[PDB]
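In what follows, a structure is listed as structure tokens, so that the remarks can point back to it.
FYI, it's all coordinate maths here, none of it is from the lab. Virtual Cβ from ideal backbone geometry, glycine too; neighbours counted across all protein chains shown.
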Amino acid sequence: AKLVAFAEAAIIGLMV
Amino acid sequence: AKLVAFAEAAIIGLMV
Amino acid sequence: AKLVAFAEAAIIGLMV
């Protein structure tokens, strides 16, 4: 799956 | 180069 | 905010 990172502090990596 | 990420678990980052 | 990574050596992550 492709991985996307987000900064919200924490980093969240969500998959597609 | 840009790093593109995938997760298959091992995470792989490839250079573009 | 989404993060984008680059490999320049060091890795740089920039917020979008």
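Tabulated values for the structure
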| read-out | value |
| --- | --- |
| Subset tally (residues that are in a loop (DSSP other than H, G, I, E, B) and either within 15 Å of B:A1 (Cα to Cα) or among the small types (G, A, S) (or both)) for chain C | 4 |
| Subset of chain A [in contact with a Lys or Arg (Cβ under 6 Å, 6 or more places away or on another chain) and more than 8 Å from every other protein chain (Cβ to nearest Cβ)] | A:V16 |
